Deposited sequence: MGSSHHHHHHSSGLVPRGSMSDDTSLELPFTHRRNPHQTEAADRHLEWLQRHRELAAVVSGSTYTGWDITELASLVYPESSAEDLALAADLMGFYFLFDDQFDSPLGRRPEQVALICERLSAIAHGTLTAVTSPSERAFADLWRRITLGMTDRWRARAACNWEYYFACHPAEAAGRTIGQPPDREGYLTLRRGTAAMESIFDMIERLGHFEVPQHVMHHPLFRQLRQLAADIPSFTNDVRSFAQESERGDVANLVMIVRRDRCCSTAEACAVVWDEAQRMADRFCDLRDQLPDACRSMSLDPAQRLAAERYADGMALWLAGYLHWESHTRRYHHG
């Protein structure tokens, strides 16, 4: 698929005005976590364009919070790359590593003893600043979900669609990435907005879309939905790419239809003005995340 083509949305991406300052802060973090960063070359790391990604996906965050987003995305890209290796083919070893990382999220790790553990403990300290213990409980469970999927990924080393997508939802870390909308916006969403079915659907759709578009973008290089569809349908490669892209487009359309229905949903619960504003900041945060992500993805 052309890097020219984009998913259709009725709004465009935005870019954080603090991108340069946050990039400088991110470079300092990489220096403080040199052992973690050294697992790939400077050229590979720059190729990822991590600070560009952070700026597009959280475009309303402060300089300090944008730097945290950058550090976080760099951790995700570096963590996972560590398993593109013979270690990544040893699920029991992966399970030990990932159990220790979850223990950090839940406050039970006795001592940090690896570069990944040290980097994640720094990030987690910063992530939980200013957030309620109640928010922290869900954020910690979503980190555990992410870490805990990695042994299955290692065991996997052609899967069925449902198994593949179930694994992908975990390894994509989108639940934590959307938890960060609250932390980087300094607010917490009212529980009966968070769990209203309109909002639960916005979150699932915006979480799923990037996994679909990423698999189309990455198919050439590469456990990929385009391959699964091509096999299952016995169709051409270009046909399989279109099937996957078009399902992403259907999800995007449904996301936007539900966003149009948000004011009626809020009024139906008689939200007060502060609750209504939180609901909008949450929905808009997921929308701007998506638009920014898609722009980054088409330019790399």
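In this chain the deposited sequence has gaps in the coordinates at 1 to 19, 177 to 180, 246 to 251, 330 to 335, listed in sequence order.
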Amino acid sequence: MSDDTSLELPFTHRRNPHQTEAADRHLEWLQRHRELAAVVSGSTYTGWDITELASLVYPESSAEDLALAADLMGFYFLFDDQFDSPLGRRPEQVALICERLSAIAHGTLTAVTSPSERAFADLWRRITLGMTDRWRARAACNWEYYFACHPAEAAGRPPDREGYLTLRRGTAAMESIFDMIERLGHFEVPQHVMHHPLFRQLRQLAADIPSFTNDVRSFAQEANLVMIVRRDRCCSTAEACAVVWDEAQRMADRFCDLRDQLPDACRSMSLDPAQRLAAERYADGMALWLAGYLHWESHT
From here on, numbers count along this sequence of modelled residues.
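Judged by mean Cα B factor in the deposited record, 78 to 86 ranks above the other of 78 to 86 and 135 to 143. For the pair 126 to 134 and 197 to 205, the mean Cα B-factor is higher in 126 to 134.
Of all the options 250, 259, 233, 267, the entry's greatest CA B-factor is assigned to 233.
Going by the entry's values, 160 shows the largest Cα B-factor out of 160, 179, 188, 71. For residue 66, the recorded CA B-factor ranks within the lowest third of the chain. Only modelled residues enter the ranking. Per the PDB record, residue ranking by Cα B-factor puts residue 150 in the middle third of the chain. For residue 216, the recorded CA B-factor ranks within the highest third of the chain. Only modelled residues enter the ranking. Compared with the other modelled residues of the chain, the Cα B-factor recorded for residue 170 ranks in the lowest third. Residue 34: CA B factor lies in the highest third for its chain, per the PDB record.
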